[PDB]
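For reference, the structure discussed in these notes is given below.
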Amino acid sequence: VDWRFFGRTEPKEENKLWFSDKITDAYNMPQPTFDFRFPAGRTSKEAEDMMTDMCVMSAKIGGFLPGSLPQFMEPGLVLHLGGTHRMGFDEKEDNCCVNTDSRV
Amino acid sequence: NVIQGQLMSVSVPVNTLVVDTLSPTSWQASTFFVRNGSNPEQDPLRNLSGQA
Amino acid sequence: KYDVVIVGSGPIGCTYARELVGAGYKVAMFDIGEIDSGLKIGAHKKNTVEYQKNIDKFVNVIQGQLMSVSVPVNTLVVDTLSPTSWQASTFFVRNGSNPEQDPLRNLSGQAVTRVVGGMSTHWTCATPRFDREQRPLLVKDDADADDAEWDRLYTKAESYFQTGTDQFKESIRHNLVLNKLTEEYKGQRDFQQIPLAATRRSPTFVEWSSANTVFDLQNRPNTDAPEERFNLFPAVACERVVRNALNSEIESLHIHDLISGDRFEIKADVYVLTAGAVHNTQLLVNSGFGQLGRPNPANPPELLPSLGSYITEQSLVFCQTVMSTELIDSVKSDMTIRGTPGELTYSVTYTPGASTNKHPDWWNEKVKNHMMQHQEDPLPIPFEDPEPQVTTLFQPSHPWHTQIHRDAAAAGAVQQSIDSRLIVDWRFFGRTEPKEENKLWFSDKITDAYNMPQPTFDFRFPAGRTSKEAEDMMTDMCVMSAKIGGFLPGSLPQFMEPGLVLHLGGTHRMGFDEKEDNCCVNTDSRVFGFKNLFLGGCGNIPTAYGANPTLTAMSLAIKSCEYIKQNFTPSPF
Amino acid sequence: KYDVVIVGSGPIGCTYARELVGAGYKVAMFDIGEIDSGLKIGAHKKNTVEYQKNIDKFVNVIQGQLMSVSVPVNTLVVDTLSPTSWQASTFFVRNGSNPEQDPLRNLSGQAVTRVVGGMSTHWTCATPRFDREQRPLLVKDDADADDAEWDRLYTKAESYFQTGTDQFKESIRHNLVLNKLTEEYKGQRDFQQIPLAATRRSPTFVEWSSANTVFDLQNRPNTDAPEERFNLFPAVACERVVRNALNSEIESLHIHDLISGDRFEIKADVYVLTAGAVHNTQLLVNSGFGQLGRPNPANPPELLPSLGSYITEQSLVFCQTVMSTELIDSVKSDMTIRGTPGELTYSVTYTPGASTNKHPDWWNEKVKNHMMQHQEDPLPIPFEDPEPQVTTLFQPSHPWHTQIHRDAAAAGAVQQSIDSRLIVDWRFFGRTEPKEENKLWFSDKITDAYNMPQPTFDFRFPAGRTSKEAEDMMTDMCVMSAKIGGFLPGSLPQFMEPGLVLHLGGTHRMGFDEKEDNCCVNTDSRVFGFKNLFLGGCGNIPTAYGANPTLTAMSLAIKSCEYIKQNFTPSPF
Ligand SMILES: *Cc1cc2c(cc1C)nc1c(=O)[nH]c(=O)nc-1n2C[C@H](O)[C@H](O)[C@H](O)COP(=O)(O)OP(=O)(O)OC[C@H]1O[C@@H](n2cnc3c(N)ncnc32)[C@H](O)[C@@H]1O
Ligand SMILES: *Cc1cc2c(cc1C)nc1c(=O)[nH]c(=O)nc-1n2C[C@H](O)[C@H](O)[C@H](O)COP(=O)(O)OP(=O)(O)OC[C@H]1O[C@@H](n2cnc3c(N)ncnc32)[C@H](O)[C@@H]1O
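These protein sequence lines map, in sequence, to chains A, B, C and D.
The first sequence begins at 469 in the entry's author numbering and counts up by one.
The second sequence begins at 105 in the entry's author numbering and counts up by one.
The third sequence begins at 46 in the entry's author numbering and counts up by one.
The fourth sequence begins at 46 in the entry's author numbering and counts up by one.
Take a look at the structure:
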């Protein structure tokens with residue numbers, strides 16, 4: 469049986485997806501680039517709480533299967549990225565790019 | 105296998121692995137230059153390497 | 046001809062050597078293995094200036110003298126040889142594998158060490174006591190008598206090893222982890238330093254204890270003990286003790302000199318086997334005792350039935366952490382920082398003795414200096430800083446032994462890659478119920494490198510409380526380690542190959558009564574029926590224990606030694 | 046105060062000791078490492094019954110004492126760490142890596158050994174000679190003269206190391222491989238036993254020679270040598286040779302007693318540095334010879350400019366073959382097999398003395414006995430057959446050394462899956478053009494473990510002849526090896542880490558003239574200008590060599606000793 473536990477991340481201004489003004493990707497568009505680290509504090513705490521939980525919970529069904537021991541996966545492999553064009557009521561006060569109608 | 109067939113990495117840092125068992129007749133750079141499409145803007149340590 | 050002969054030069058054989066040579070006896074000791082630890086015969090091999098400046102590298106010395114006990118026939122399919130290369134059509138016996146061994150009922154990690162000093166020339170030196178729940182009874186119906194007797198043996202045994210609990214008290218890492226775990230378990234669990242057979246010599250040199258510490262193995266008489274009589278004969282494989290037809294006595298020891306090739310017959314008043322848990326059994330089996338061969342409850346043996354049964358070995362989970370960010374910031378929580386590193390104006394200052402400091406003056410002076418003299422270093426922990434040696438001892442609300450420390454590990458790719466100082470090791474040791482069906486037997490057909498019957502194991506972890514405990518233990522390591530840092534990628538929570546831990550017990554087990562406690566030696570460690578045959582080692586422990594056994598095996602050997610000094614007379618000088 | 050002091054107790058350290066101690070001198074000898082080998086000091090660690098029965102376990106001991114010379118700053122990305130763990134934002138200098146090191150012009154494999162006896166406590170013992178083309182001239186313009194000198198000096202080295210070529214004549218596998226190869230190369234190529242520094246004792250024990258063979262390292266006078274005077278002081282890091290102002294003489298050796306911690310000045314008449322290619326170079330640079338620091342041509346040193354330059358290390362290709370079916374069948378060609386093995390009708394016979402037999406009676410008697418006594422086993426090679434030690438020596442048309450044999454085997458499944466009798470090792474050793482641009486230098490700010498300037502490599506294999514030859518060498522190993530059998534997976538033809546071969550030379554090289562021959566010692570091994578300072582070891586060898594250097598270093602050492610004897614009186618006893 470597979471266990472996957474999916475933590476949550478505090479949206480933080482300092483974490484960015486930007487594009488290079490000189491580098492280009494395969495389809496000739498500006499190259500995406502990451503400045504991301506998991507926010508210290510609640511996200512970091514929760515994420516390690518999450519691991520210990522997977523170990524507490526999983527133990528009830530059985531022992532780990534070697535070659536698949538409790539681990540953290542590559543950042544981003546989960547493919548659950550969000551907030552890159554985020555939503556709010558007010559652009560300015562809620563720091564966002566679309567409204568709850570999804571309009572820019 | 106099919107999944108990995110269509111997960112093309114978003115940002116790959118410039119590789120700095122040391123292969124030093126190459127034959128002396130083979131070409132070797134003196135630098136880790138930008139190659140096989142890695143993104144020289146990428147900080148290998150504040151990446152989302154998995155993002156695809 | 047001798048008074049006493051010891052087979053084996055481990056810490057335990059030496060325990061007998063020290064008491065008997067000291068008491069006045071004429072003692073011969075044999076070891077199948079040779080002197081190679083340099084001039085201090087049998088000393089701990091980690092006690093060179095090099096290995097203490099290159100700890101990483103010692104793993105290899107340990108790897109190189111762990112010869113596997115029983116290796117099952119390999120059935121890995123290599124289907125990529127060249128068509129011109131020879132290949133058989135069957136998985137036949139090869140490269141010394143053991144055909145008797147069910148690969149799935151094995152203790153594949155089990156290994157043995159044949160070099161003068163034994164395994165004590167490479168051990169981690171953890172020498173804890175067993176609490177009442179892991180201990181065998183030495184007095185019946187008198188738990189205070191039984192407490193006194195053990196407190197007394199263990200205090201004597203600690204002396205012999207130089208066991209101590211404060212050799213690491215000035216490690217910044219040790220205290221950081223020790224303290225954090227104390228805060229965390231706040232009146233639920235007690236933490237203290239691993240007790241350690243070791244004497245600190247300098248801030249950067251520990252002199253680890255060994256068989257050498259217990260007895261210097263130097264032939265006697267000499268200048269320093271000219272009225273003592275002792276001889277260590279290395280490179281001598283002892284093959285067999287010889288019984289009388291009565292089975293009341295041992296008459297002689299048959300040995301095999303591996304330098305000459307020749308065999309001999311040594312005589313002694315007393316015979317003491319300390320050749321190890323695996324090999325004490327072998328010898329005996331090879332000398333009439335117990336059954337030879339695939340065991341057979343149809344035809345059961347007349348001598349020591351229980352020998353090689355109720356064997357125990359510990360479950361071991363293991364994993365490494367990378368110290369948390371919070372914990373690392375805390376190390377330097379007393380410092381005022383101005384400027385930025387590597388500048389002429391960069392300052393790191395603390396105020397000595399300030400009531401609002403969180404660390405003693407000594408710890409801060411180390412931090413401050415290191416930050417000032419190595420401004421290119423992003424960490425507040427000094428370089429030459431000894432490693433943690435943190436334990437929370439087995440209790441029945443957490444029935445396992447724990448080691449939060451650093452021990453010879455072969456750091457791989459992510460592990461020269463993560464800064465040593467961030468790394469901590471976690472080792473939890475489960476206790477195994479002794480069960481009759483768990484066996485160490487010996488082939489009537491196959492044979493080891495020394496033409497002795499081949500060891501074959503028939504072991505599985507008891508279902509029930511040994512197994513429920515084992516997993517509750519893996520889980521506990523996860524819950525607890527999660528307080529110092531996350532897992533070190535490459536060293537994730539895992540069970541280690543069975544026997545790898547090397548704490549096998551009960552192969553020749555102690556008890557008050559032979560049949561009632563299904564055992565092989567009484568509480569003087571003397572074999573039932575025999576008037577002069579004694580046995581030392583972890584194989585004597587009959588109980589379920591998680592803590593490291595050697596101190597307890599010593600303790601029992603001292604007691605056996607008392608019996609010896611009280612029933613046998615030294616021949617005279 | 047002594048007549049001679051020796052830095053280093055390796056085999057060349059010990060050549061100098063042997064010669065001078067028995068020539069009446071009073072010799073003091075220091076080594077950084079400790080006595081690490083049992084009661085014969087400097088002895089080979091592989092000479093114990095345990096190892097000769099468990100030879101595979103020995104690879105571990107080697108790695109235990111190969112401490113890497115220069116490790117670049119690691120830049121591996123571990124990005125699966127828990128978010129609570131500490132992570133730097135940089136790849137800072139950590140776990141001792143050398144931030145001067147270019148990871149791409151390194152000798153990553155280069156390592157060193159600190160133990161009394163040096164790398165001779167673990168070495169494979171190949172002691173061949175160099176032909177004219179790998180050989181420095183001892184005499185110019187008289188080839189015959191030169192050959193006379195080298196033969197005389199080589200023969201003495203062979204004497205000291207107990208070199209021979211007979212120890213392996215009665216191995217089947219040896220003979221299988223050597224005969225097949227001779228057949229094939231039809232007089233293009235001589236095949237023979239690797240000359241090996243060792244004496245056999247039983248069919249199953251060899252005494253591998255070492256520093257200890259050359260010289261037994263006991264303090265003197267002793268009973269057997271009451272007239273000789275010699276002292277060995279381990280745990281001492283020699284640090285500095287003190288220069289006169291004239292740069293004509295050394296006035297002392299500054300030493301660091303690692304046990305006490307205290308430092309000392311030791312005075313002598315003759316100073317001999319035998320501390321290894323790397324550390325002979327390191328001590329002299331720490332002593333004001335050569336140039337401390339990143340090398341700087343706009344400021345070239347005036348003392349020993351060529352020191353640390355022209356460094357040669359050998360390219361090394363490796364693989365392992367699983368012997369061909371054809372060759373297993375050939376082993377048993379004289380036998381007349383009937384029945385099916387294991388059944389009662391089954392028989393193997395041979396006609397002894399028969400002139401049509403392909404093998405002798407000893408061979409066939411082993412193959413018969415093995416096959417009748419072990420019907421269960423499918424190969425005709427007996428169980429403890431000695432292993433092959435085949436070589437074809439360096440020649441103009443094939444300018445590399447070749448060893449086809451068995452050394453240090455670290456078993457990774459497909460090498461325990463295959464029966465070890467089938468497995469043969471190939472190692473082919475290329476030669477390198479000495480080139481000024483290839484350097485060993487020392488950092489003026491970084492320090493190593495024993496507090497000395499950090500060595501650093503600027504090495505790449507010269508393009509041109511070395512590069513061409515090195516890849517020719519690979520293809521040759523593939524052509525040659527195919528004749529005995531296909532590669533064994535997990536051991537495919539490869540180039541090894543630069544420097545792992547540990548055949549470094551030219552770091553303190555030899556010539557007739559310092560200037561014109563760009564060198565630091567003369568053919569007496571004396572440092573140019575200095576009256577009483579000699580260097581021993583591969584550092585001396587200036588030329589491009591493929592074969593194993595030790596026996597040539599010892600040759601030069603013996604030559605140097607003779608200068609000494611001709612020019613310095615032993616003090617009176
Ligand atoms: C391997 C190891 C050991 C170990 C440890 C970590 C490692 C990697 N950490 C431990 C810890 O920190 N604290 C502790 O309590 N123990 C730990 N250990 C285990 C410990 O070293 C052993 O339990 C202890 O050494 C046992 O002592 P004992 O003296 O009873 O047995 P031995 O050390 O195995 O030595 C016995 C020897 O006698 C020999 N022998 C074998 N066969 C023969 C025959 N036929 N004839 C004569 N001698 C024989 C050996 O060669 C040997 O040295
Ligand atoms: C590692 C290895 C060696 C090797 C080989 C097998 C392996 C795994 N196979 C060989 C073989 O088939 N034949 C061959 O010719 N060589 C083989 N080698 C290498 C061989 O060991 C070396 O070529 C040779 O042993 C070098 O000997 P040398 O006499 O030049 O010195 P050394 O062995 O390196 O030891 C000298 C020592 O001096 C010490 N030392 C170093 N620095 C200091 C300072 N500062 N002060 C005091 N002593 C110092 C050492 O500790 C040391 O032991």
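Just so it is clear, CB atoms sit at the ideal spot from N, CA and C, and this is done for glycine as well.
At a cut-off of 3 residues, the continuous stretches assigned as beta strand (DSSP E) that sit fully inside the segment 413-441 of chain D are 434-436. Chain order gives no chain B residues near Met525/D, where near means a beta carbon separation below 9 Å; the closest approach is about 17 Å. In the three-state reduction of the DSSP assignment, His446/D falls in the strand class.
Put simply, the CB of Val114/D is far from chain B, with every gap to its CB atoms at 9 Å or more. By the neighbour-count definition (other C-beta atoms within 10 Å, threshold 16), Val106/B is an exposed residue.
Annotation: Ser297/D is outside any alpha helix (DSSP H); the continuous beta strand (DSSP E) that includes it extends over 295-302. Contact annotation for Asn151/B against chain D: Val122, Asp124 [CB-CB distance below 9 Å, chain order]. Comparing alpha carbon positions, the residue from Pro266/C, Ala190/C, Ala280/C closest to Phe75/C is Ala280/C. In the structure shown, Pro615/D adopts coil according to DSSP, grouped into three states.
DSSP places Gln108/D inside the alpha helix (DSSP H), whose first and last residues are 104-109.
For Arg505/A, the chain B residues whose Cβ falls inside 7 Å of its Cβ are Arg150, in order along the chain.
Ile356/D sits close to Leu549/D, with the two beta carbons spaced by under 9 Å. Interface residue (Cβ-Cβ distance to chain D less than 9 Å): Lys484/A is not classified as such.
With contact defined as three or more Cβ pairs closer than 8 Å, the segment 456-466 of chain D and the segment 399-410 of chain D are not in contact. Residues of chain A whose Cβ lies closer than 9 Å to the Cβ of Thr319/D do not exist, since the nearest Cβ in that chain is about 50 Å away. Between the alpha carbons of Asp493/A and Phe502/A lies a distance of about 14 Å. DSSP assignment within the segment 53-108 of chain C yields the following whole beta strand (DSSP E) runs of 3 residues or more, N-terminal first: 71-75. Using a 10 angstroms sphere on the CB of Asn585/D, the tally of other CB atoms reaches 16 or more, which defines it as buried. Membership of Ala270/D in the beta strand (DSSP E) is indicated by the continuous run 270-278. For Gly162/C, the shortest C-beta to heavy atom distance toward ligand 1 is below 8 Å.
In this structure, the straight-line span from the alpha carbon of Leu467/D to that of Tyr199/D is close to 35 Å. With respect to chain C, the C-beta atom of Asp470/A has no partner C-beta closer than 9 Å.
Taking 8 Å as the upper bound for CB-CB distance, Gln327/C and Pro498/C are in contact here, some 7 Å apart. Rounded to whole angstroms, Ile609/C and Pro181/C show a C-alpha spacing of 21 Å. Distances from the CB of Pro56/D to the heavy atoms of ligand 2 include at least one below 8 Å.
Among the residues of chain D, none has a CB under 9 Å from the CB of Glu481/A; the nearest is roughly 18 Å distant.
Take the alpha-carbon of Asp81/D and the one of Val94/C: they are about 12 Å apart.
Chain-order list of chain A residues neighbouring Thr129/D: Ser512, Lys513, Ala515, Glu516, by C-beta distance under 8 Å. Residues of chain A whose Cβ lies closer than 9 Å to the Cβ of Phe532/C are, in chain order, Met519, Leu537, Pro538, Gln539, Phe540.
Rounded to the nearest angstrom, the gap between the Cα atoms of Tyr61/C and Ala602/C is 7 Å. Within the segment 151-176 of chain D, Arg159 place their CB atoms closer than 7 Å to a CB of chain C, listed in sequence order. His219/D is a Cβ neighbour of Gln434/D, given a cutoff of 9 Å. Not one heavy atom of ligand 1 is found less than 8 Å from the C-beta of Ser360/C. Sixteen is the threshold: when 16 or more other Cβ atoms of the shown chains lie within 10 Å of the Cβ of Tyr395/D, as they do, the residue is buried. Contacts with chain D at 9 Å (Cβ-Cβ) include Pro543/A.
DSSP assignment within the segment 551-590 of chain C yields the following whole beta strand (DSSP E) runs of 3 residues or more, N-terminal first: 578-580.
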